[PDB]
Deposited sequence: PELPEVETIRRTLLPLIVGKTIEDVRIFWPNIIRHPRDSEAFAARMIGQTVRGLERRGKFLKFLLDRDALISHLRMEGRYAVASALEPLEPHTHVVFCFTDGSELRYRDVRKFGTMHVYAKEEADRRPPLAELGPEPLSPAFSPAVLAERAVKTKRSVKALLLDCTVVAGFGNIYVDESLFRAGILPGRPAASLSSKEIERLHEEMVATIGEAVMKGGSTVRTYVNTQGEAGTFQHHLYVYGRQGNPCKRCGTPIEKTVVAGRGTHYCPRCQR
């Protein structure tokens, strides 16, 4: 799930779990649990706490309980569902939170790449994985000035810069390629080579692209005609990722 999908999960999942009290936590793939390191301590500490809220930071979900926060990243295929404890579990269910009302919050992840960290609420923002997280892309805290400052002080590509969670929170591969196309900038350009005008343009397209999605031109379209000029879209590797662009319209 990308940022807009995580925002949808946050909004839709909250009313399905708010006010429920945890009676048990069952873990079927302990590697998902990253803090406490011991999955038995993770399960034990959550028992007896009631769900009070659900927030999002980048692509992280922050479940707010009584004393603790549970910070969850779904990576590529993680999914949450609420259902009855009476029914058989679906495949790839790796963590289940059992509530006192006989319902459960189930975490499924065929890839097993997702992560869970639990800390006292007041500690969560200063611990992994939230600690060094950059500003929300749709917030005033993410500005052209902030982007420009990061761009000039790196030798990396502009794509590598945008994928960096410390620069801007949760801006995924798909939106990086789409935004760069909409801004007319090649993904392999050194970040430090962007002009002031290019940085402002890029900022505007990043906000427009992810904003529209929260409320495709190139991604996955290799070999197909550009929707703007008809030139076939190309795919290469940039910043170690599949990268799509129009070689005519991006410079």
{"item": "Sequence ranges absent from the coordinates, based on the deposited chain and numbered from 1", "value": "216 to 237"}
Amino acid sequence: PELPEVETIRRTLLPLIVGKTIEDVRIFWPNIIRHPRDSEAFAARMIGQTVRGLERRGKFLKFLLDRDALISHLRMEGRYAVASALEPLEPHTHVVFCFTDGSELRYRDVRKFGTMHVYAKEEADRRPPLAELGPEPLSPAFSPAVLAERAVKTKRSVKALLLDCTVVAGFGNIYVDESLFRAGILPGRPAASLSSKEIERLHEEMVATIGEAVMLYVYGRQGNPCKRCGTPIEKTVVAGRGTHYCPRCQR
From here on, numbers count along this sequence of modelled residues.
query: Higher-B stretch (mean Cα B-factor, as the entry records it), 236 to 244 or 10 to 18; finding: 236 to 244
query: Between 183 to 191 and 50 to 58 (mean CA B-factor, as deposited), the higher; finding: 183 to 191
query: Given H117, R75, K153, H92, the residue at which the Cα B factor reaches its maximum; finding: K153
query: Top Cα B factor in the deposited entry, candidates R26, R67, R201, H35; finding: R201
query: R79, C-alpha B-factor rank within chain (lowest, middle or highest third); finding: lowest
query: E87 CA temperature factor, ranked by third within the chain; finding: middle
query: Within-chain third of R111 by Cα B-factor, per the entry; finding: highest
query: Chain thirds of CA B-factor: placement of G134; finding: highest
query: Record-listed C-alpha B factor of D164: chain third; finding: highest
